[PDB]
Every structure is written in structure tokens, then in C-alpha cells.
Amino acid sequence: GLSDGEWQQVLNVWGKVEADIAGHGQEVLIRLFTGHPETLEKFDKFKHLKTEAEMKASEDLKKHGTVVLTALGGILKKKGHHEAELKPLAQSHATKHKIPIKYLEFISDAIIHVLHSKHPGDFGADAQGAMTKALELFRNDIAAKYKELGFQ
Ligand code: HEM
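Cut-offs applied
Residues numbered from 1 in each chain as written, not as in the entry; some residues may be left out. Heavy atoms only, no water. Near = heavy atom within 4 Å. Polar contact = N/O pair within 3.5 Å; in protein donor to acceptor, adjacent residues only side chain to side chain. 1 Å grid on protein atoms, 1.4 Å probe; cavity = no way out; pocket = protein on both sides within 12 Å on 5 of 7 lines; lining within 4 Å. Sits in = over half its atoms within 2 Å of the grid points. Helix = DSSP H or I, 4+ residues; strand = E, 2+ residues; numbered from the N terminus. Nonpolar A, V, L, I, M, F, W, Y, C, P; charged D, E, K, R; others polar.

**Things to note about the site of the ligand**
(1) Moving on: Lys42, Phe43, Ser92, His93 and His97 are the nearest of the 17 residues found near the ligand.
(2) Moving on: A distance of 3.1 Å separates a nitrogen atom of the ligand from a polar side-chain atom of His93.
(3) Moving on: Assessed atom by atom at 2 Å from the grid points, the ligand resides in the largest pocket.
(4) Moving on: Listing elements by their share of the shell around the ligand, those giving two or more residues are α4 (59-76), α5 (83-96) and α6 (101-118).
(5) Moving on: The biggest single contributor to the shell around the ligand is α4, with five residues.
(6) Moving on: Here the shell around the ligand is composed, by residue class, of 10 nonpolar, five polar and two charged.

See the structure below:
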């Protein structure tokens, strides 16, 4: 549950991502895959990438980065009212992709890392606080649907 001030910060930060959605999406996925290689195993179409150079060179990875962040952005722009948007994602990731909630924690922190890396000194403490809360909310609502599905 975020305040309007905090949502304002979130969508302010998001404007950064939107100026270059493919570049951000790419770096988030790379940070995830290199920070936590077990996550790469959940992607049949990226599991071939063994080096970060190959990851960097992958137009299809950038493409998927775009899909992921486009979806996240759509969800964030709802300012918490994202049940319709989130439900199919929770369902596909629990039932088809089989993604444990731990990996959503991983990518949340990865987003935080990328924003500092791409915008050093331009991602203030208040901004980080708001973004972190927003990703926690997202994660928590997925976690609820996972529990419903009995998915571990
Ligand atoms: C911010 C968090 C995430 C968002 C917004 C997101 C969104 C999406 C979307 C929109 C799709 C395509 C439609 C669908 O299959 O439902 C997708 C596919 C997929 N996601 Fe996620 N995702 C997130 C996190 C993750 C994480 C952390 C993993 C694994 C570590 C993951 C694994 C996958 C896989 C394996 C696919 C199918 C890829 C393919 O073969 O096309 N996702 N995701």
C-alpha cells in the first residue's frame, strides 16, 4: 500500500525506464541471469546463453526484456489496482513457467540495481524507497495467487 506521493515517485522513476525500455529490460534480465544462474534454466530459449557477451548480443533477450518491462509498467501505472493485469501473470508463472516467488524477489532487487547503475546519483533515497515498496506490493499479490494454487 503506497501513498500518492510514493506512487508519484514510482511513475517518475518509471519515466526513466520508458525513455529506453529495451535497454533497461535487457540489463535487468542480464543482472538476473548473472546474479542467479539457476534462473536462466527456466527459459528454454535463453538457456543456450552461457556468456554475458552472448546475453548482451541477444536481440531476442532485449525483445523479452521489452515484453517484461512493458508488462510491469502497465501494472505499475495502475497504482495498486492491478488485479486484472496481475492474475494472468501469476497464473502463467505458477502453472506454466513454474517460477518460484524467490525469483521474483531476485528480479525486484535486480531492477533496483539497474536503476542505480544507469542513473547514478539520479535515483534518490526517496525514489528507491517508493520503487522498492511498489515491487514488494507486486510480489506480495503474486504470492497470494501462488498460495491459492498451492504452488511452491
Ligand atoms: C517483473 C517481473 C516479471 C514480469 C512483469 C514478467 C512478465 C512476463 C510476460 C508478460 C511474459 C509473456 C507472457 C506470459 O508467459 O505470461 C513472461 C514470460 C516468461 N517469464 Fe516472466 N515476468 C517476470 C518475472 C519472471 C522471472 C523472475 C522469471 C524466471 C526467473 C520469469 C520467467 C518467464 C519465462 C520462462 C517466460 C516464458 C518465456 C518464453 O518462452 O517465451 N519471469 N513474463
